[PDB]
Ligand SMILES: O=C(COC(F)F)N1C[C@H]2CCC[C@H]2C1
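In the authors' numbering, the protein residues as written are 8 to 192.
Pasting the structure below:
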């Protein structure tokens, strides 16, 4: 792909984080803590899952960023509407305002309803995410495999401002403690 020139500097929004997340000082890395991180509750925080949003809001244009997923067993990545549900249980789907892929139990899937199997020969250590607001496109790229396409959501109905979306996953296994990291431009 040739989307690298639309690179944007994403930072994480502490106020949206689940209360167990630890966001680095530079707001570029997030991981699961082993306990509540001693913050007050607020209506923005994802309550049920280890999720956080980027601070940036996008309503036009083309945007690209990269995320490091090295040695994680489980995670979700993509974009979502600014007005997604924060509290209780929900599925990741375009109907609920999410355009995402994930790793879970040694398989990669796109967050369609129902979910779509992905065909990845080279397990990615870094994922590129491209959004074309006007075209209604969200695409995912395998940076470890020379930028190969993973998945394209097209005919997207955003229906609002978009925010970068992250889920570090639970760590029931003890094998999923590693952070998500926003990679330098
Ligand atoms: O955004 C989409 C589909 O495009 C892309 F995601 F593949 N949508 C929005 C959802 C609400 C109506 C049915 C669902 C279709």
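Backbone N, C-alpha and C fix where the C-beta goes; we use that ideal spot for every residue, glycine too.
Comparing the CB of residue i with every heavy atom of ligand 1, is any distance shorter than 7 Å?
{"i": "residue 129", "result": "no"}
{"i": "residue 87", "result": "no"}
{"i": "residue 161", "result": "yes"}
{"i": "residue 141", "result": "no"}
{"i": "residue 106", "result": "yes"}
{"i": "residue 164", "result": "yes"}
{"i": "residue 101", "result": "yes"}
May I ask which residues mark the beginning and end of the beta strand (DSSP E) holding residue i?
{"i": "residue 170", "result": "169-174"}
{"i": "residue 158", "result": "155-160"}
{"i": "residue 117", "result": "114-117"}
{"i": "residue 178", "result": "Element bounds for residue 178: n/a, residue is neither H nor E."}
{"i": "residue 75", "result": "69-75"}
{"i": "residue 7", "result": "In this structure the chain extends from 8 to 192, so residue 7 is not present and cannot be described."}
{"i": "residue 188", "result": "187-189"}
{"i": "residue 36", "result": "36-39"}
{"i": "residue 105", "result": "105-111"}
{"i": "residue 28", "result": "28-30"}
Is the CB-CB distance between residue i and residue j below 8 Å?
{"i": "residue 19", "j": "residue 46", "result": "no"}
{"i": "residue 57", "j": "residue 176", "result": "yes"}
{"i": "residue 113", "j": "residue 187", "result": "no"}
{"i": "residue 170", "j": "residue 85", "result": "no"}
{"i": "residue 80", "j": "residue 134", "result": "no"}
{"i": "residue 89", "j": "residue 99", "result": "no"}
{"i": "residue 71", "j": "residue 117", "result": "no"}
{"i": "residue 52", "j": "residue 77", "result": "no"}
{"i": "residue 115", "j": "residue 8", "result": "no"}
{"i": "residue 121", "j": "residue 151", "result": "no"}
{"i": "residue 26", "j": "residue 43", "result": "yes"}
{"i": "residue 136", "j": "residue 125", "result": "no"}
{"i": "residue 160", "j": "residue 144", "result": "yes"}
For residue i, which beta-bridge partners are listed by DSSP?
{"i": "residue 146", "result": "137, 159"}
{"i": "residue 61", "result": "19"}
{"i": "residue 124", "result": "116"}
**Prompt:** Do three or more CB pairs link the segment 136-145 to the segment 60-79 at distances below 8 Å?
**Reply:** Contact check between the segment 136-145 and the segment 60-79: three or more CB pairs, one atom from each, fall below 8 Å, which counts as touching.
**Request:** Evaluate contact between the segment 28-37 and the segment 98-109, counting only Cβ atoms and requiring at least three cross-stretch pairs below 8 Å.
**Result:** Taking one beta carbon from each stretch, the segment 28-37 and the segment 98-109 have fewer than 3 pairs nearer than 8 Å; the two do not touch.
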